[PDB]
Amino acid sequence: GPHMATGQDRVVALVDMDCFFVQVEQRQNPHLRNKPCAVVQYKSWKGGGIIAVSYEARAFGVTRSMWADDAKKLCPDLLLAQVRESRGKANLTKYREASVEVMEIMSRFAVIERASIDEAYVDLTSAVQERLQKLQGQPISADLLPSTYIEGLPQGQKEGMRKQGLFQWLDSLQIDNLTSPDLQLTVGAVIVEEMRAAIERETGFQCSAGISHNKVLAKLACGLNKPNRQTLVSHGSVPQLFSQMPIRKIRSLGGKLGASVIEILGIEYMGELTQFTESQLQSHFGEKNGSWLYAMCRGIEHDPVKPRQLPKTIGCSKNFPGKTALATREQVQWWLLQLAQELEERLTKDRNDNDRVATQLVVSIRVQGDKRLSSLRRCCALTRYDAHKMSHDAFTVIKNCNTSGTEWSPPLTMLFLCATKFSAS
DNA sequence: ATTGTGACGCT
DNA sequence: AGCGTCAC
Ligand SMILES: Nc1ncnc2c1ncn2[C@H]1C[C@H](O)[C@@H](COP(=O)(O)OP(=O)(O)OP(=O)(O)O)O1
Ligand SMILES: [Ca+2]
Ligand SMILES: [K+]
């Protein structure tokens, strides 16, 4: 009743750069704009691996993690841009720098949590209060929400329906109540329209966004209307929305845990979780997961938007699949050097830009025929930004994995160097 | 022969 | 600490 908290205390947005690496390449090369096109890493094995796909190309069935030769079968006019190669591996610097452009604009409007290179959560609660007090009672015009969908409306041409739903929502709004969660979300959506307009004006990049009361709903909302649109998911919209939502679509339930929720409880949709007590869910999935599931099938989640615009780790990884697996000492040392040199370059830039120094080096490897994605993960001290020293230390840390009697066996299928544990500098 | 990231939880 | 999960 009156004491049941409804998770309506915050306004949270999730901003997601539409096919980001593709947009970066389309900005640089106008011949790629408004065409079916994709970004690929490497080129020899089956044309290279596709890692990003424009919406025009998605219409032909082109997806990430598909070989370029196969994508060309689906879409023979597909245009491709290749990731830069430096020191023998893919180098994502162009995309990291573009991401910083976007994140810096978002940070003007509100505090952000960098979730990935192309995704950030936005805490809008204080921004909405400020904008509400600046309104002082006037309603919100549809003209302030030109790309917003209201999930679940209209009820009772795609752009025509978008506007019908928005009109239903806005006519229903009680603007006089400065504490109405639905009003707060709507003002959040106005601010996100402005943020998205600023991103596009100042970078050329388009994005989609979700606006709701927490991060999981904001992420779910963001996915409902792409590309270049934003979606408001109100608390009231959750029962219908969840009633036919596959559990795997909710952030963190797309893996083994979600599969076990489905198998153990015999359900398919998020909304079905409401039938179970909190103790029942904790009994199947643990105290933390159980309480989380109990609240989140009701639209409630408390995970904060962390004030963190920079990555916490700086990592350099390369797979050596099939017959490219590393089999000699000279090879392992040469690739550790290559990785360590990219890492030193990025670390020196990070120290200059962000006033911090990493203090721990994580070295990880995969060994041929090992079922796990990482076979070994050991850490050593990171005391100066020197590629030769880091590569020597990584070798020293992994060298007892060699079971030979100048050869390396079993062959190595992945090397990974990661700088972690930053401290202010 | 999805690769190259990056965040967080468990024990 | 090292390993596992999840997503991007
Ligand atoms: N597995 C991956 N390997 C390499 N890069 C990836 C991988 N997954 C995603 N990315 C890269 C390419 C994307 O441009 C960028 C953002 O990822 P993601 O948001 O999932 O898709 P996207 O931005 O390309 O399209 P959209 O969000 O519009 O559906 O990160
Ligand atoms: Ca994206
Ligand atoms: K993303």
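All values below come from the heavy atoms of this structure, side chains included, with hydrogens, waters and symmetry mates left out. Below, chains carry the letters A, B, ... as their sequence lines are ordered, and counting in each starts from 1.
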For A:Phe320, enumerate each residue passing the ring pair (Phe, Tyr, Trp, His ring centres under 6.0 Å) test, keeping only those at least two apart in sequence or located in another chain. A:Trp335
Atom pair distance, as rounded to whole Å: CZ in A:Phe21 and P in B:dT5: 9 Å
Within residues 288-307 of chain A, which residues have any heavy atom lying less than 4.0 Å from an atom of DNA chain B? A:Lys288, A:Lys306
With the threshold set at under 4.0 Å for non-hydrogen atoms, list the residues of residues 69-101 of chain A touching DNA chain B in residue-number order. A:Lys89, A:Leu92, A:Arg96
Compute whether any side-chain donor of one residue and acceptor of the other, for A:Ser234 and A:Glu151, lie under 3.5 angstrom apart. no
What's A:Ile314 touching, base or sugar-phosphate or nothing? Going by heavy atoms closer than 4.0 Å. sugar-phosphate
Round to a whole Å and report the spacing from CG of A:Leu373 to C1' of C:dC8. 14 Å
Counting heavy atoms from C-beta on, name the nucleotide in B:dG6, B:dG4, C:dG4 closest to the side chain of A:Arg372. C:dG4
Under 4.0 Å, heavy atom to any atom of DNA chain C: which of residues 247-274 of chain A qualify? A:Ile250, A:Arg251, A:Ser252, A:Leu253, A:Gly254, A:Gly255, A:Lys256, A:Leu257
Taking for each residue the nucleotide of DNA chain B with the nearest heavy atom, is it A:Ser317 or A:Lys323 whose nucleotide lies nearer the 5' end? A:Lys323
Atom CD1 of A:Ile365 and atom P of B:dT3: how far apart are they, to the nearest Å? 17 Å
So if I take residues 36-51 of chain A and measure heavy-atom distances to DNA chain B, which residues fall below 4.0 Å? A:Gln41, A:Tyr42, A:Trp45
Atom-to-atom span, CD of A:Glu113 to P of C:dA7 - whole angstrom: 15 Å
Here the pair of heavy atoms bringing A:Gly315 nearest to A:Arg96 is O-NH2, 4.4 Å
Going by atom types alone, do A:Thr203 and A:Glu101 pair a side-chain donor with an acceptor below 3.5 Å? no
What contact category does A:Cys379 fall into here, base, sugar-phosphate, or nothing, at under 4.0 angstrom with non-hydrogen atoms? sugar-phosphate
Integer-rounded Å distance: B:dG6 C1' and A:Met414 CE: 14 Å
Not counting sequence neighbours, which residues clear salt bridge (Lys or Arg N to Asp or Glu O under 4.0 Å) with A:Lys389? List them please. A:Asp393
A:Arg308 side chain: which of B:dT3, C:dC8, B:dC8 is closest? B:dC8
CE of A:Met17 versus P of C:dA7: gap in Å, rounded? 22 Å
Have a look at A:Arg64 and say if it touches a base, only the backbone sugar-phosphate, or nothing, with a 4.0 Å heavy-atom cut-off. nothing
Nearest-Å distance for atom pair NZ/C1', residues A:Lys219 and C:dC6: 12 Å
Would you call the rings of A:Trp408 and A:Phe395 parallel, tilted or perpendicular if under 30° counts as parallel and over 60° as perpendicular? perpendicular
